[PDB]
Amino acid sequence: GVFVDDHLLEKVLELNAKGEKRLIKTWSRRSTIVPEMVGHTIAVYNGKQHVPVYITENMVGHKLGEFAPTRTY
């Protein structure tokens, strides 16, 4: 169904090897989070913007609405 940016993994799996807690940028379209993002702020490309969502062990599963479920107000 949904796709998980493989370009974020190429950088997040590297952060899971040493323990780096940085952010991974993405530029696909329907980019979704993964289990390897439980300690990274990956700016998933929602189609037009890279939302650096710091995923924990219970935020992944969507794409960015689980880390940014807030409106302008």
# chains A, B, ... in the order shown; residues from 1 in each chain; ligands from 1
$ select_by_dssp --residues "chain A" --states "strand (DSSP E)" --output "list in words"
residues 40, 41, 42, 43, 44, 45, 50, 51, 52, 53, 54 and 55 of chain A
$ write_last_selection --atoms "N, CA and C atoms" --output "compact mmCIF listing (two decimals), in the first residue's frame"
# COMPACT_ATOMS: atom_id res chain seq x y z
N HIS A 40 15.12 8.93 15.16
CA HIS A 40 15.61 9.88 14.11
C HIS A 40 14.51 10.84 13.67
N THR A 41 14.89 12.05 13.34
CA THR A 41 13.90 13.06 12.86
C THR A 41 14.02 13.08 11.33
N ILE A 42 13.35 12.19 10.68
CA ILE A 42 13.47 12.12 9.19
C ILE A 42 12.48 13.07 8.52
N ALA A 43 12.98 14.00 7.75
CA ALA A 43 12.07 14.95 7.06
C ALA A 43 11.42 14.24 5.88
N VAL A 44 10.43 13.44 6.17
CA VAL A 44 9.71 12.67 5.11
C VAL A 44 9.10 13.62 4.08
N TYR A 45 9.32 13.37 2.82
CA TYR A 45 8.73 14.24 1.77
C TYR A 45 7.25 13.87 1.61
N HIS A 50 9.56 18.41 3.30
CA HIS A 50 10.28 17.38 4.10
C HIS A 50 9.97 17.62 5.59
N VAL A 51 9.08 16.86 6.17
CA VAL A 51 8.74 17.06 7.61
C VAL A 51 9.65 16.21 8.50
N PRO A 52 10.62 16.85 9.13
CA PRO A 52 11.57 16.13 10.02
C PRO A 52 10.83 15.58 11.23
N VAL A 53 10.30 14.40 11.08
CA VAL A 53 9.52 13.78 12.19
C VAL A 53 10.40 12.88 13.05
N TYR A 54 10.63 13.26 14.29
CA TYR A 54 11.44 12.38 15.16
C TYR A 54 10.56 11.21 15.57
N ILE A 55 10.73 10.09 14.93
CA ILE A 55 9.88 8.91 15.24
C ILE A 55 10.39 8.17 16.47
$ select_by_dssp --residues "range 5-60 of chain A" --states "helix (DSSP H, G or I)" --output "mmCIF file with N, CA, C and O atoms, in the first residue's frame"
data_model
loop_
_atom_site.group_PDB
_atom_site.id
_atom_site.type_symbol
_atom_site.label_atom_id
_atom_site.label_comp_id
_atom_site.auth_asym_id
_atom_site.auth_seq_id
_atom_site.Cartn_x
_atom_site.Cartn_y
_atom_site.Cartn_z
ATOM 1 N N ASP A 6 13.123 4.702 0.655
ATOM 2 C CA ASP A 6 14.339 3.865 0.815
ATOM 3 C C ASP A 6 15.558 4.778 0.976
ATOM 4 O O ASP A 6 16.578 4.385 1.511
ATOM 5 N N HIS A 7 15.443 6.003 0.518
ATOM 6 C CA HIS A 7 16.568 6.971 0.633
ATOM 7 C C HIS A 7 16.774 7.383 2.099
ATOM 8 O O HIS A 7 17.863 7.754 2.496
ATOM 9 N N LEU A 8 15.746 7.297 2.911
ATOM 10 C CA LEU A 8 15.892 7.656 4.352
ATOM 11 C C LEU A 8 16.589 6.503 5.067
ATOM 12 O O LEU A 8 17.403 6.698 5.944
ATOM 13 N N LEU A 9 16.260 5.304 4.670
ATOM 14 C CA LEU A 9 16.878 4.093 5.282
ATOM 15 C C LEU A 9 18.376 4.094 5.025
ATOM 16 O O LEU A 9 19.163 3.882 5.924
ATOM 17 N N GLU A 10 18.770 4.353 3.801
ATOM 18 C CA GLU A 10 20.230 4.395 3.467
ATOM 19 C C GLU A 10 20.979 5.317 4.451
ATOM 20 O O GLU A 10 22.170 5.177 4.656
ATOM 21 N N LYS A 11 20.281 6.249 5.065
ATOM 22 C CA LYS A 11 20.937 7.170 6.039
ATOM 23 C C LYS A 11 20.547 6.800 7.481
ATOM 24 O O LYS A 11 21.333 6.955 8.396
ATOM 25 N N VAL A 12 19.339 6.323 7.692
ATOM 26 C CA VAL A 12 18.901 5.959 9.078
ATOM 27 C C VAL A 12 19.572 4.667 9.554
ATOM 28 O O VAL A 12 19.963 4.560 10.699
ATOM 29 N N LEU A 13 19.717 3.691 8.689
ATOM 30 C CA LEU A 13 20.380 2.420 9.109
ATOM 31 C C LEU A 13 21.820 2.737 9.494
ATOM 32 O O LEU A 13 22.413 2.080 10.329
ATOM 33 N N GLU A 14 22.366 3.779 8.914
ATOM 34 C CA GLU A 14 23.742 4.191 9.264
ATOM 35 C C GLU A 14 23.722 4.831 10.655
ATOM 36 O O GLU A 14 24.660 4.706 11.419
ATOM 37 N N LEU A 15 22.638 5.497 10.994
ATOM 38 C CA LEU A 15 22.531 6.127 12.340
ATOM 39 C C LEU A 15 22.199 5.053 13.380
ATOM 40 O O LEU A 15 22.500 5.196 14.548
ATOM 41 N N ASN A 16 21.603 3.964 12.955
ATOM 42 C CA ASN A 16 21.278 2.861 13.910
ATOM 43 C C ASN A 16 22.519 1.977 14.119
ATOM 44 O O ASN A 16 22.557 1.151 15.012
ATOM 45 N N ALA A 17 23.536 2.153 13.301
ATOM 46 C CA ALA A 17 24.770 1.345 13.437
ATOM 47 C C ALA A 17 25.684 1.963 14.495
ATOM 48 O O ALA A 17 26.299 1.260 15.276
ATOM 49 N N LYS A 18 25.778 3.273 14.528
ATOM 50 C CA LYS A 18 26.654 3.925 15.540
ATOM 51 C C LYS A 18 25.810 4.511 16.684
ATOM 52 O O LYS A 18 26.293 4.700 17.784
ATOM 53 N N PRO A 35 10.517 1.168 11.316
ATOM 54 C CA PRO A 35 10.975 0.795 12.677
ATOM 55 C C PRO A 35 12.390 1.325 12.933
ATOM 56 O O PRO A 35 12.753 1.636 14.051
ATOM 57 N N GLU A 36 13.184 1.443 11.901
ATOM 58 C CA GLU A 36 14.572 1.973 12.069
ATOM 59 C C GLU A 36 14.555 3.485 12.373
ATOM 60 O O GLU A 36 15.589 4.083 12.596
ATOM 61 N N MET A 37 13.397 4.110 12.373
ATOM 62 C CA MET A 37 13.331 5.582 12.648
ATOM 63 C C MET A 37 12.961 5.883 14.110
ATOM 64 O O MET A 37 12.735 7.019 14.466
#
$ atom_distance --atom1 "CA of residue 49 in chain A" --atom2 "CA of residue 26 in chain A"
8.9 Å
$ closest_residue --among "A:59, A:38, A:33, A:68" --to "residue 3 in chain A" --atoms "only C-alpha atoms"
A:33
$ atom_distance --atom1 "CA of residue 1 in chain A" --atom2 "CA of residue 27 in chain A"
18.5 Å
$ closest_residue --among "A:46, A:70, A:39, A:22" --to "residue 58 in chain A" --atoms "only C-alpha atoms"
A:39
$ closest_residue --among "A:48, A:62, A:71, A:25" --to "residue 4 in chain A" --atoms "only C-alpha atoms"
A:62
$ closest_residue --among "A:67, A:56, A:72, A:47" --to "residue 31 in chain A" --atoms "only C-alpha atoms"
A:47
$ decode --residues "range 9-23 of chain A" --atoms "N, CA and C atoms" --output "short mmCIF file (atom, residue, chain, number, x, y, z; two decimals), in the first residue's frame"
data_model
loop_
_atom_site.label_atom_id
_atom_site.label_comp_id
_atom_site.auth_asym_id
_atom_site.auth_seq_id
_atom_site.Cartn_x
_atom_site.Cartn_y
_atom_site.Cartn_z
N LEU A 9 16.26 5.30 4.67
CA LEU A 9 16.88 4.09 5.28
C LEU A 9 18.38 4.09 5.02
N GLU A 10 18.77 4.35 3.80
CA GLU A 10 20.23 4.39 3.47
C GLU A 10 20.98 5.32 4.45
N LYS A 11 20.28 6.25 5.07
CA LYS A 11 20.94 7.17 6.04
C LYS A 11 20.55 6.80 7.48
N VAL A 12 19.34 6.32 7.69
CA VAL A 12 18.90 5.96 9.08
C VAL A 12 19.57 4.67 9.55
N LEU A 13 19.72 3.69 8.69
CA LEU A 13 20.38 2.42 9.11
C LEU A 13 21.82 2.74 9.49
N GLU A 14 22.37 3.78 8.91
CA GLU A 14 23.74 4.19 9.26
C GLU A 14 23.72 4.83 10.65
N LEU A 15 22.64 5.50 10.99
CA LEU A 15 22.53 6.13 12.34
C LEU A 15 22.20 5.05 13.38
N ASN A 16 21.60 3.96 12.96
CA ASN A 16 21.28 2.86 13.91
C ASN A 16 22.52 1.98 14.12
N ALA A 17 23.54 2.15 13.30
CA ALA A 17 24.77 1.34 13.44
C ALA A 17 25.68 1.96 14.49
N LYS A 18 25.78 3.27 14.53
CA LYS A 18 26.65 3.93 15.54
C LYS A 18 25.81 4.51 16.68
N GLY A 19 24.55 4.80 16.43
CA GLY A 19 23.68 5.36 17.50
C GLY A 19 23.51 6.87 17.29
N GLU A 20 23.59 7.33 16.06
CA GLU A 20 23.44 8.79 15.78
C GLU A 20 21.97 9.21 15.87
N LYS A 21 21.68 10.25 16.60
CA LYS A 21 20.28 10.73 16.72
C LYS A 21 20.12 12.04 15.93
N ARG A 22 20.37 11.98 14.64
CA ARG A 22 20.25 13.20 13.79
C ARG A 22 18.95 13.14 12.98
N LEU A 23 18.92 13.81 11.85
CA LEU A 23 17.68 13.80 11.02
C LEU A 23 18.01 13.32 9.59
#
